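Engineer: Let me give you the structure first, and then I'll get to my questions.
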Amino acid sequence: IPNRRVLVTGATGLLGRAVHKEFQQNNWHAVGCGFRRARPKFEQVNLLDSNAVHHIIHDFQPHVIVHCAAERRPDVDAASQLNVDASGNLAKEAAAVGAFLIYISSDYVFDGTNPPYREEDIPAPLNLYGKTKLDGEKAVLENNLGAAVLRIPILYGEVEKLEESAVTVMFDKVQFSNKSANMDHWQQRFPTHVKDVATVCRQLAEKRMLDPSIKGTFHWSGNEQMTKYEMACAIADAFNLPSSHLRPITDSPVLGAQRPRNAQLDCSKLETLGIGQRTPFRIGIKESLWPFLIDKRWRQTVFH
Amino acid sequence: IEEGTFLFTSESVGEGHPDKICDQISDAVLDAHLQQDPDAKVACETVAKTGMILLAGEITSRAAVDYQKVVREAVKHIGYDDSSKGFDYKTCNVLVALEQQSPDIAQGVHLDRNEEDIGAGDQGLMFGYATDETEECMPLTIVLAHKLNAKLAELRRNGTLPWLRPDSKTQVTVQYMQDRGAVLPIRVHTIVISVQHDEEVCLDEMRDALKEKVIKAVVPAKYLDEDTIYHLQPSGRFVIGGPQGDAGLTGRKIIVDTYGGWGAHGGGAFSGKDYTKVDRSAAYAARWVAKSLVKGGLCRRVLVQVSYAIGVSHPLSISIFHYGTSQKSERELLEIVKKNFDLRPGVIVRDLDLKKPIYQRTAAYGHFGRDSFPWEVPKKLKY
Amino acid sequence: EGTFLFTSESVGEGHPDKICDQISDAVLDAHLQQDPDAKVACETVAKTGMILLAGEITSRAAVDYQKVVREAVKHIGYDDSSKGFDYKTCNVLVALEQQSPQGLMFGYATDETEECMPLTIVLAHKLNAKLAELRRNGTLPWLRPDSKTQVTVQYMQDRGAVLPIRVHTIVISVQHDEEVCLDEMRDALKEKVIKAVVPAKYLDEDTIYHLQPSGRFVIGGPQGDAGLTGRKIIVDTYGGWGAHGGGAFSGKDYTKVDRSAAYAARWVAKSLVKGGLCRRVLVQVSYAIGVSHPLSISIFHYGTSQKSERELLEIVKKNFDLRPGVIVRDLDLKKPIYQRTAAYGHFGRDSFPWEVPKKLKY
Amino acid sequence: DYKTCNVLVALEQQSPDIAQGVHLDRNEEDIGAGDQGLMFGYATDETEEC
Ligand SMILES: C[S@@+](CC[C@H](N)C(=O)[O-])C[C@H]1O[C@@H](n2cnc3c(N)ncnc32)[C@H](O)[C@@H]1O
Ligand SMILES: C[S@@+](CC[C@H](N)C(=O)[O-])C[C@H]1O[C@@H](n2cnc3c(N)ncnc32)[C@H](O)[C@@H]1O
Ligand SMILES: [Mg+2]
Ligand SMILES: [Mg+2]
């Protein structure tokens with residue numbers, strides 16, 4: 001029954017799920033889609049098939065589109081790849097129907113040399129990931145001037161598998177105290193909840209229905225600064241576990257040249273408009289990871 | 001490619017399936033007794049067979065019950081009223097072999113006791129189960145299986161498909177994916193439907209009807225795709241059904257009556273039994289508990305076990321398994337259950353209103369997953 | 001503490017429902033002896049002074065049903081009116097319609113006992129066996145055939161498996177004569193029955209005993225409660241463990257997949273555990289219309305296997321042929337030994353082919 | 001044995017067709033014969049009880 005429509009791409013992924021959830025409940029008519037494993041909750045849509053993208057947008061008449069990428073970061077080797085491009089088509093057809101497209105992008109477009117980074121600052125990606133996120137911004141913005149760009153850092157949330165977030169992958173290494181584990185204490189990062197990012201996406205979209213001046217780049221990020229090593233120790237503290245088996249490597253990694261040291265995003269522009277939510281990481285990661293506790297996993301079978 | 005996927009299948013049977021005829025007759029006899037004597041002790045077993053309904057078991061009651069009428073009216077309502085259908089309520093044999101409840105059982109269970117102190121009518125174990133995969137907190141497999149049979153009966157009784165007869169069997173195979181102890185139904189893999197039919201109607205008029213009027217009206221399109229297998233009237237000439245050329249008994253569809261293979265079962269049957277038989281009242285109680293936990297948000301899936309000794313009021317054991325779908329420990333969930341529930345039959349009967357003669361409703365389409373039953377209304381928990 | 005209780009029950013040969021299962025399978029056995037290809041779907045009903053046979057049979061055999069039923073009831077122990085039932089004088093009614101010439105099954109196995117079964121049901125079954133034995137000896141001559149048992153065991157979860165710690169509660173109800181008193185029965189049930197069946201390390205001062213809890217149990221057998229074939233399917237199988245699709249075993253011949261594939265699934269499950277591949281396992285076999293081999297097999301090893309599910313499935317596929325026809329050939333299911341399955345559980349005892357672990361090659 | 005024998009009951013109502021042809025709506029004295037039939041009576045003086 002709600003008249004405010006939204007289309008979330010990459011709805012199958014950690015970010016998309018949270019976004020589609022945040023909208024659907026709060027008087028939006030939220031439809032999600034995805035390439036694989038979409039059915040039964042979401043629509044099966046290959047973004048690289050223009051005919052498919054065309055039909056679902058034509059038939060749906062969305063008043064807004066939130067473009068997320070599925071994602072499952074090993075990345076965080078940091079090299080390739082992407083052929084998109086498909087953000088171009090999406091931008092094209094979003095304009096054809098007159099829908100406000102929010103393009104999710106990353107802090108990896110930056111150099112990570114002079115933190116913090118403003119929306120105005122010149123991007124300079126050290127890797128191919130950063131490169132294509134930057135291309136997408138270009139490809140979107142020039143195909144649709146009414147669109148926006150939300151840049152966000154590393155993500156975590158209520159994952160279905162530990163591997164869905166580069167924060168949550170660590171959890172087994174945290175839990176297994178009997179084995180010592182090395183973790184990066186070099187790269188500076190700001191873990192940010194997809195649930196927070198989702199709220200921001202709703203607040204920003206709801207503004208564009210009032211004020212047509214909302215466009216261009218925006219920055220959001222969690223305020224707590226953490227290395228991979230500090231995150232792991234924070235996770236142990238939340239679940240009250242020993243962390244002495246965790247060893248920091250202050251030396252940069254094998255491909256430290258491709259990884260921006262501190263690509264901290266300045267979120268002042270977005271903080272001004274009354275947009276922002278910040279779940280504390282120690283409370284957020286507890287709600288996120290409890291189903292993956294060793295003792296819980298033993299119990300998670302089909303039959304007793 | 002596979003991940004952590006599996007197939008699961010559940011069946012349901014229509015009112016005319018011989019086993020389910022027995023279940024409904026036994027429950028009609030129980031209702032007849034409870035209309036006049038709310039404290040009736042009923043243990044009615046029914047046997048259905050070519051030309052015959054036999055009532056065997058034990059009943060101590062103040063009610064005056066005309067067994068011939070209750071049995072024949074039940075077979076009437078089920079829809080067997082002519083030779084052409086293989087069975088006629090007007091002309092079937094009805095034998096009755098009913099005696100009083102053993103005085104040894106009476107003295108040992110309920111005689112000269114306050115209601116809250118009456119012992120379990122028997123020993124036994126019962127399981128309760130709930131899952132967040134449907135609104136009704138039931139496995140999609142069994143829910144779809146039941147609702148298909150209910151649709152067939154509906155379309156038969158309002159004349160919209162007048163070639164349908166009472167006997168039917170459905171099997172719904174769903175493809176599932178595991179999710180941190182919960183289960184996500186992904187798609188309907190296969191649907192089988194055998195249903196008893198007229199002499200006139202052609203095969204592919206029925207098959208068209210089963211797909212377009214039955215399945216389309218029941219199964220959400222979100223679970224159906226181009227690969228879904230449909231086995232509609234697989235053998236072909238299923239004109240012979242019901243009791244004719246067949247032999248059915250009360251309590252031979254206990255899995256259909258409950259969770260369709262999911263959770264667990266302790267093997268006690270439901271129909272033909274008043275509240276003192278804990279096979280029924282404690283199973284109803286345990287469903288109530290399992291549904292209350294999931295609706296109360298304390299877990300996404302759960303199995304509850306309870307056990308009793310004959311003549312003893314308090315359960316011998318209680319156990320909770322949440323399949324790791326709760327942040328709380330199973331022990332903590334047990335503590336919550338102990339505080340909120342009194343699982344003696346003398347108390348369950350008050351909370352669930354189990355002297356009411358509403359049991360015939362339960363004898364088909366499953367005892368769980370429906371609106372009107374007290375045990376499907378979750379308790380607000382305090383913890 | 002990671003501790004939980006689990007309960008299972010079993011019943012005796014004189015239990016009305018088990019009477020019917022044994023007679024049903026006695027009818028089967030008798031038919032299979034004359035005609036190995038006999039189709040049998042035989043239900044038995046029992047009540048005061050009555051045994052009623054009902055079902056379908058396509059067989060070439062000529063069976064004296066009178067003799068079959070009467071010898072079964074004799075063997076069970078009902079031989080006088082003082083006991084509520086008598087093989088010499090009971091009514092035998094025959095309503096079998098005789099002529100002349102799909103499913104989801106579960107198998108389950110756990111390493112918590114030698115017989116590779118849940119401790120709860122194994123003990124429940126054995127307590128009934130003991131009573132029958134001591135009744136037949138003459139050691140406890142006040143015993144009568146009808147009996148029930150129930151065992152609650154306290155378990156500890158251990159990385160997928162379940163570890164029995166102690167026996168929490170035990171129920172025994174057994175029909176008896178009119179002389180013996182309540183204290184003598186309870187002492188006997190505790191000292192001659194339980195302590196001879198349950199390992200001492202499971203019994204302790206906190207173990208609860210509900211023995212003859214009804215106070216009187218003279219009226220028994222079909223007189224005290226109607227019996228029907230197929231009303232003890234959890235007792236016949238895994239006592240609340242594993243899983244169950246719906247089908248009863250007794251009165252059905254081997255061409256019913258409900259029976260013979262359930263036996264096969266058990267065979268696989270037990271072979272996996274005895275072969276050291278799992279400490280605990282549930283085997284799902286989906287059969288589908290128009291295919292001989294199973295449409296799909298899942299293997300839930302509860303995390304107790306070093307090998308993955310796909311690896312275990314592959315091991316299963318090259319050591320087992322789960323097409324009905326091959327199952328009845330391999331397990332020798334045309335032979336008339338179904339009556340021995342109809343009491344004390346179909347799974348657990350070495351004497352059955354499906355309880356002989358296959359040496360696995362992988 | 002009376003205590004332990006099988007007892008089976010297959011009793012239905014008298015046919016409504018019989019009831020209306022015989023006794024419904026009549027004074028007891030005008031009740032019709034419950035059936036057709038013939039019947040004999042006999043006596044002999046050879047014993048005191050005839
Ligand atoms: C108690 S009965 C079932 C209820 C029964 N139909 C009634 O009318 O209440 C079920 C089983 O319990 C056992 N049983 C019968 N009489 C009993 C007694 N007096 N005490 C304990 N167990 C008994 C028998 O094995 C019987 O089959
Ligand atoms: C009247 S019946 C005896 C039934 C018994 N006297 C009673 O009324 O319950 C005996 C025979 O009369 C015949 N009969 C049955 N119903 C009848 C009817 N409505 N009118 C005339 N004859 C009938 C049948 O041949 C039957 O075997
Ligand atoms: Mg019973
Ligand atoms: Mg029973």
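Residue numbering: from 1, along the chain as shown.
If you check the header, you will see the structure was determined by X-ray crystallography, 2.3 Å.
Every residue, even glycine, has its Cβ placed from backbone N, Cα and C.
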Engineer: Looking at the L-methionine binding annotation from Swiss-Prot, with B:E58, B:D246, B:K277 already listed, which candidate in B:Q24, B:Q35, B:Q101, B:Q305 is the matching residue?
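Structural biologist: Site partner of B:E58, B:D246, B:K277 for L-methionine, according to Swiss-Prot: B:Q101.
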Engineer: Of the residues B:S194, B:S319, B:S372, give the one that Swiss-Prot describes as phosphoserine.
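Structural biologist: Per Swiss-Prot, the residue annotated as phosphoserine is B:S372.
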Engineer: In Swiss-Prot, which of these is labelled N6-acetyllysine: B:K69, B:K213, B:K338?
Structural biologist: B:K69
Engineer: With the L-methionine site defined by the record as B:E58, B:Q101, B:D246, B:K277, how many Å span the farthest pair of C-alpha atoms?
Structural biologist: 30
Engineer: Looking at the recorded positions B:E58, B:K69, B:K216, B:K222, B:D246, B:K277, which ones have a CB within reach of chain A, meaning under 8 Å Cβ to CB?
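Structural biologist: From B:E58, B:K69, B:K216, B:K222, B:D246, B:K277, flagged as close to A: B:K222.
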Engineer: Rounded to an integer, what is the Cα-Cα distance in Å between B:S168 (ATP binding site) and B:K222 (SUMO2 cross-link)?
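Structural biologist: B:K222 (SUMO2 cross-link) has its Cα 25 Å from the Cα of B:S168 (ATP binding site).
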Engineer: Measuring Cα to Cα, tell me the gap between B:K273 (ATP binding site) and B:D19 (Mg(2+) binding site) in whole angstrom.
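Structural biologist: Just about 16 Å between their Cα atoms.
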Engineer: Nearest to B:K253 (ATP binding site) in three-dimensional space, by Cα, is which of the recorded positions B:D19, B:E58, B:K216, B:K222?
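Structural biologist: Closest recorded candidate to B:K253 (ATP binding site) by Cα: B:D19.
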Engineer: Taking Cβ atoms only, which of the recorded positions B:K69, B:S102, B:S168, B:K277 fall under 8 Å from chain C?
Structural biologist: B:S102
Engineer: Using DSSP and three states only, what is B:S168 (ATP binding site)?
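Structural biologist: In three-state terms, B:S168 (ATP binding site) counts as strand.
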Engineer: Under 6 Å from ligand 1 by Cβ, which binding-site residues from B:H17, B:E45, B:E58, B:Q101, B:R237?
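Structural biologist: Only B:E58, B:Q101 meet the Cβ criterion.
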Engineer: Provide, as an integer number of angstrom, the distance between the C-alpha atoms of B:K216 (SUMO2 cross-link) and B:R237 (ATP binding site).
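Structural biologist: B:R237 (ATP binding site) has its Cα 24 Å from the Cα of B:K216 (SUMO2 cross-link).
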Engineer: Does DSSP give B:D19 (Mg(2+) binding site) helix, strand or coil?
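Structural biologist: SS state of B:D19 (Mg(2+) binding site) = helix.
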Engineer: Select the closest residue to B:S235 (ATP binding site) from the following recorded positions, measuring between CA atoms: B:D19, B:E58, B:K69, B:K277, B:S372.
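Structural biologist: Of all the candidates listed, B:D19 is nearest in space.
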Engineer: Going by Cα-Cα distance, which of the recorded positions (B:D19, B:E45, B:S102, B:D246, B:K277) sits nearest to B:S372 (phosphoserine)?
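Structural biologist: Nearest candidate: B:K277.
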